[PDB]
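Below is one structure; the comments refer to it alone.
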Amino acid sequence: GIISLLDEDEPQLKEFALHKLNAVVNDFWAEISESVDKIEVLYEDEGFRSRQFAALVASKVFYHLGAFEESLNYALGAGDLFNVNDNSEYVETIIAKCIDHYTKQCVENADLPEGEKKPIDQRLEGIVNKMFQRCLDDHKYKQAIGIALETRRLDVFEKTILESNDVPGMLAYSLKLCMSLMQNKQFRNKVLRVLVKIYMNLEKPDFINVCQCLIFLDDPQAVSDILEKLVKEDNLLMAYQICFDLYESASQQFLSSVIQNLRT
Amino acid sequence: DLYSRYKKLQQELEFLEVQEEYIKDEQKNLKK
Amino acid sequence: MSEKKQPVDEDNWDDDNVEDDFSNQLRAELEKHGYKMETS
Amino acid sequence: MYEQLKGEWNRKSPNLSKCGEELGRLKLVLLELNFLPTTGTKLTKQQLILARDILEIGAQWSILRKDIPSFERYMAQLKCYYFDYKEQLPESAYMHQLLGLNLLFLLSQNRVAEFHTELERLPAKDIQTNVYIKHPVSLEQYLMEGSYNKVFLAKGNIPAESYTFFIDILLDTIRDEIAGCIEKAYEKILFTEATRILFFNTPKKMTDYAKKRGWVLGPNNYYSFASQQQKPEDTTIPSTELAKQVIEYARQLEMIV
Amino acid sequence: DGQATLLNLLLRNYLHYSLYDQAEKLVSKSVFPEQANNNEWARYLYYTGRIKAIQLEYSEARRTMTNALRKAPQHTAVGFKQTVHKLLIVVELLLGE
Amino acid sequence: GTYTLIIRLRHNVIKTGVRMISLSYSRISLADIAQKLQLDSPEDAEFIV
């Protein structure tokens, strides 16, 4: 019945409309479902007192129609009043849009982010690390180890090696996970080379993971560098498992390549 | 763990996809 | 079996076609001829 | 009691400087209380009976200026006020003669599905009472069949009120109607019969139709031109569509799916 | 099954208080549940059959009237079948046959 | 609950009449079909046809 009052040109009746387009949005959802869609008219009409709320009620109404890109573009263009509420049955409806579209966008941004990159909204990436702070702050880290893979981002994953969860062997068995679920070489060696440098910058430098990564990684000089750190440290008992896992699990050509860096 | 529960379960969707195409091939090949 | 989940609550057909054409027409068509003998 | 209006509403102020203060006065109704069903505070109806009378007279003068799109704004608001199941006036001297007046203009708007939909509204008010709104449904009902002169008899009987703005669109919808179906198997007609069935004896309106279409002005003559010969005798379009359909047979005849 | 029963049970007085809501059932994605256990589908096609009946789409209605008729069990208490047996040839009397 | 759909059948009734008579007879006056169809008016007997 509030569909009739859309030719007023006093925009205060339109904000009286969106005053009624949010709270009782389910019974007239039947009524105006596909009939009238003048959200963009006042949302773009410089009689603004309705723009930063206008895309909210469109993002409500198109949901059970489907229209996840309609309510997703309006979810990004809805501003501060949209994401301010997470105490409903609607935050699950919108992060399943935005986080999924963000990470399947970031598959392309793992392919080609350089050149023809996409205009990622700061909320499109902002509720990513915001809800990721909900992951870090809501005590769950078998998932907070996971969404950091899902965003295809290295430095947030390197960031959460030091969190409210500790490292007994945590963040080490996660590479036993990622080695199993690992897709290609391209994402593999990038995370692989960056974790084993804070493994050397760790208090007790683990040797079997930095040997295993390097035969998984083809660095014929870094094992001569930490091998120089173990000759400089001068204990062949800890210069042992770094070297016989190397002889056991390395290639013949890889040892014939690393041998020059050992002897020099 | 819960993180492997989805990736290792779509892994058998990739593993699952090939087989109907396979019996699709053998469906004509056993005829001819 | 035969449950009907309930939300709300020959001998005949050739005869029924005789009713379909001659539903209510000339039922006692017996004396109209003798009534047309003098009018026709 | 925030009334502001009770002096100039009954007297004819035809599209004068009452309409803008009137619409902003309805805006002042909106700033005080929403035109919502107000299920809480049922006693309070200052927002319902008074503002509903104001909104129905505001619907009423909308036709006096030919405000066609904003007519159904106020009128749709009235119908949604009779959507309210609250104890108010079951009806008035306006609910029939305005709601079925909306039925009478929609009857002209040439939307018959929306014409019939509203019949859930008043199931008992159709025939058994409410002759004034029985008149549009019998009217468009007569527009269904070949009833023509009886429609002009309903132009001899407009009992409720003027209905002039709607019976003039009813004029026009007869004008294009038999301006269209004058083109039938009408073998020859003098300048009397088809002349005086519609409206026009001898103005140059008969030149407007007789030269707009054919049926040329002749020696007391309506010329029956009728070819109806060219478009039949095609095997080729059946030899294209049907040749498609034979392959559409053979797909679901031999090939396993 | 929330796709299924929540639309007849939605419909049951929306028809009795219907007007324009029907177009919502036209644009409804959940018109199909694709399986509704031989009876909710069966009466479902009838509940949407009277929709096109009352909103004047005749020939499309009568085939789902028939399809809604021919999917009902072998039980005797049949008042809804008394209803569809009537309305099924209401619309055919609207169509001449 | 069907009376508002029962009320519109007279269109189909007169289609039945004009199809029946138009099929049956071949050269009939319009001043006979309105009386046989009890139409009370031959002036729109041109118009329904």
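By order of appearance in the structure tokens: chains A, B, ..., then residues from 1 within every chain, and ligands from 1 in the order shown.
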
Checklist entry - Could you list, as a PyMOL selection string, every residue of chain B that has an atom within 8 Å of an atom of chain A, counting only C-alpha atoms? => result chain B and resi 1-4+7-8

Wanna dump the chain F-chain E contacts at 12 Å for me, each residue with its shortest atom pair and the distance in Å to one decimal, counting only C-alpha atoms, ordered by chain and number, as JSON lines?
```
{"residue": "F:1", "atom": "CA", "partner": "E:16", "partner_atom": "CA", "distance": 9.3}
{"residue": "F:2", "atom": "CA", "partner": "E:87", "partner_atom": "CA", "distance": 8.5}
{"residue": "F:3", "atom": "CA", "partner": "E:90", "partner_atom": "CA", "distance": 10.9}
{"residue": "F:4", "atom": "CA", "partner": "E:54", "partner_atom": "CA", "distance": 9.2}
{"residue": "F:5", "atom": "CA", "partner": "E:54", "partner_atom": "CA", "distance": 7.5}
{"residue": "F:6", "atom": "CA", "partner": "E:90", "partner_atom": "CA", "distance": 8.0}
{"residue": "F:7", "atom": "CA", "partner": "E:94", "partner_atom": "CA", "distance": 10.8}
{"residue": "F:8", "atom": "CA", "partner": "E:94", "partner_atom": "CA", "distance": 8.4}
{"residue": "F:9", "atom": "CA", "partner": "E:94", "partner_atom": "CA", "distance": 6.6}
{"residue": "F:10", "atom": "CA", "partner": "E:94", "partner_atom": "CA", "distance": 9.7}
{"residue": "F:11", "atom": "CA", "partner": "E:94", "partner_atom": "CA", "distance": 8.9}
{"residue": "F:12", "atom": "CA", "partner": "E:94", "partner_atom": "CA", "distance": 6.6}
{"residue": "F:13", "atom": "CA", "partner": "E:96", "partner_atom": "CA", "distance": 8.8}
{"residue": "F:14", "atom": "CA", "partner": "E:96", "partner_atom": "CA", "distance": 10.9}
{"residue": "F:15", "atom": "CA", "partner": "E:96", "partner_atom": "CA", "distance": 8.4}
{"residue": "F:16", "atom": "CA", "partner": "E:96", "partner_atom": "CA", "distance": 7.7}
{"residue": "F:17", "atom": "CA", "partner": "E:96", "partner_atom": "CA", "distance": 11.4}
{"residue": "F:19", "atom": "CA", "partner": "E:96", "partner_atom": "CA", "distance": 10.7}
```

Using only C-alpha atoms, find which residues of chain D lie within 7 Å of chain F and jot them down as a CSV table (one decimal) with N, CA, C and O atoms, in the first residue's frame.
```
chain,number,residue,atom,x,y,z
D,145,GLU,N,-19.7,-9.4,-24.6
D,145,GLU,CA,-20.4,-9.9,-25.8
D,145,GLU,C,-20.6,-8.8,-26.8
D,145,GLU,O,-20.2,-7.6,-26.6
D,146,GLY,N,-21.4,-9.1,-27.8
D,146,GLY,CA,-21.8,-8.1,-28.8
D,146,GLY,C,-22.9,-7.1,-28.4
D,146,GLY,O,-23.5,-6.5,-29.3
D,147,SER,N,-23.2,-7.0,-27.1
D,147,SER,CA,-24.1,-6.0,-26.6
D,147,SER,C,-23.6,-4.6,-26.8
D,147,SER,O,-22.6,-4.2,-26.2
D,148,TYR,N,-24.2,-3.9,-27.7
D,148,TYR,CA,-23.8,-2.5,-28.1
D,148,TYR,C,-24.8,-1.4,-27.7
D,148,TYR,O,-24.4,-0.5,-27.0
```

Within 7 Å of chain C, which residues belong to chain E? Use only C-alpha atoms and report them as a short mmCIF file (atom, residue, chain, number, x, y, z; two decimals) with N, CA and C atoms, in the first residue's frame.
```
data_model
loop_
_atom_site.label_atom_id
_atom_site.label_comp_id
_atom_site.auth_asym_id
_atom_site.auth_seq_id
_atom_site.Cartn_x
_atom_site.Cartn_y
_atom_site.Cartn_z
N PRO E 73 -5.31 -40.61 -4.28
CA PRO E 73 -5.36 -42.05 -3.96
C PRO E 73 -6.72 -42.74 -4.10
N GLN E 74 -6.75 -43.99 -3.62
CA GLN E 74 -7.86 -44.93 -3.77
C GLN E 74 -8.66 -44.98 -2.47
N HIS E 75 -8.87 -43.82 -1.86
CA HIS E 75 -9.68 -43.71 -0.67
C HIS E 75 -11.01 -43.06 -1.04
N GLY E 79 -13.88 -35.26 -0.44
CA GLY E 79 -14.43 -33.91 -0.58
C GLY E 79 -13.64 -32.90 -1.39
N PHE E 80 -12.32 -32.99 -1.33
CA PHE E 80 -11.49 -32.17 -2.20
C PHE E 80 -11.55 -32.66 -3.64
#
```

Next on the checklist: Just list as a PyMOL selection string whatever in stretch 9-68 of chain E DSSP marks as alpha helix (DSSP H).
Outcome noted: chain E and resi 9-14+21-26+40-47+49-54+59-68

Excluding same-chain residues fewer than 4 positions from residue A:56, what lies within 9 Å of it counting only C-alpha atoms, as an mmCIF file with N, CA and C atoms, in the first residue's frame?
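The resulting part_39.cif:
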```cif
data_model
loop_
_atom_site.group_PDB
_atom_site.id
_atom_site.type_symbol
_atom_site.label_atom_id
_atom_site.label_comp_id
_atom_site.auth_asym_id
_atom_site.auth_seq_id
_atom_site.Cartn_x
_atom_site.Cartn_y
_atom_site.Cartn_z
ATOM 1 N N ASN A 22 11.817 -1.647 6.108
ATOM 2 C CA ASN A 22 12.825 -2.433 6.805
ATOM 3 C C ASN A 22 12.268 -3.323 7.904
ATOM 4 N N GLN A 52 22.308 6.099 1.894
ATOM 5 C CA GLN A 52 23.101 5.199 2.723
ATOM 6 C C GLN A 52 22.220 4.235 3.508
ATOM 7 N N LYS A 60 17.702 -6.427 1.454
ATOM 8 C CA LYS A 60 16.769 -7.287 2.168
ATOM 9 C C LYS A 60 15.775 -7.927 1.209
ATOM 10 N N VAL A 61 15.227 -7.140 0.280
ATOM 11 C CA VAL A 61 14.059 -7.613 -0.453
ATOM 12 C C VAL A 61 14.458 -8.589 -1.559
ATOM 13 N N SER A 71 21.819 -7.828 -4.468
ATOM 14 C CA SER A 71 21.980 -7.523 -3.059
ATOM 15 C C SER A 71 23.432 -7.551 -2.609
ATOM 16 N N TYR A 74 24.438 -3.991 -3.946
ATOM 17 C CA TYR A 74 23.764 -3.096 -3.019
ATOM 18 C C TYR A 74 24.232 -3.329 -1.591
ATOM 19 N N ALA A 75 24.767 -4.513 -1.306
ATOM 20 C CA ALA A 75 25.374 -4.739 -0.002
ATOM 21 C C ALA A 75 26.654 -3.939 0.157
ATOM 22 N N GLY A 77 27.239 -1.105 -1.707
ATOM 23 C CA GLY A 77 26.802 0.269 -1.826
ATOM 24 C C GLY A 77 25.833 0.706 -0.748
ATOM 25 N N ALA A 78 25.607 -0.151 0.244
ATOM 26 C CA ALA A 78 24.692 0.160 1.328
ATOM 27 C C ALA A 78 25.356 0.890 2.489
ATOM 28 N N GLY A 79 26.681 0.866 2.586
ATOM 29 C CA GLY A 79 27.347 1.726 3.550
ATOM 30 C C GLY A 79 27.333 1.175 4.964
ATOM 31 N N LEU A 81 25.198 1.442 7.566
ATOM 32 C CA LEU A 81 23.996 0.908 8.196
ATOM 33 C C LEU A 81 23.772 -0.561 7.874
ATOM 34 N N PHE A 82 24.465 -1.085 6.867
ATOM 35 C CA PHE A 82 24.300 -2.479 6.488
ATOM 36 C C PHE A 82 25.001 -3.416 7.463
#
```

Checklist entry - Between atom CA of residue E:61 and atom CA of residue D:76, what is the distance, to one decimal in Å? => result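 Straight-line distance from atom CA of residue E:61 to atom CA of residue D:76 works out to 29.4 Å.
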
Next on the checklist: Residues of chain D within 7 Å of chain E, counting only C-alpha atoms, what are they? List them as a PyMOL selection string.
Outcome noted: chain D and resi 113+117-118+120

Next on the checklist: Based on only C-alpha atoms, which of the residues in chain A come within 9 Å of chain E? I want them as an NGL selection string.
Outcome noted: :A and (30-34 or 64-66)

Item to check | Exercise: residue D:83 partners within 9 Å, only C-alpha atoms, chain neighbours under 4 positions left out, as a PyMOL selection string | outcome: chain D and resi 37+78-79

Can you write out the residues you just picked, keeping C-alpha atoms, as an mmCIF file, in the first residue's frame?
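Result file again16.cif:
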```cif
data_model
loop_
_atom_site.group_PDB
_atom_site.id
_atom_site.type_symbol
_atom_site.label_atom_id
_atom_site.label_comp_id
_atom_site.auth_asym_id
_atom_site.auth_seq_id
_atom_site.Cartn_x
_atom_site.Cartn_y
_atom_site.Cartn_z
ATOM 1 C CA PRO D 37 -3.496 -0.162 10.958
ATOM 2 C CA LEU D 78 -8.258 4.030 0.424
ATOM 3 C CA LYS D 79 -8.535 0.384 -0.616
#
```

Item to check | stretch 8-19 of chain A surroundings by only C-alpha atoms, 8 Å radius, close-in-sequence under 5 positions cut, as a PyMOL selection string | outcome: chain A and resi 2+42+47+49-50+53-54+57
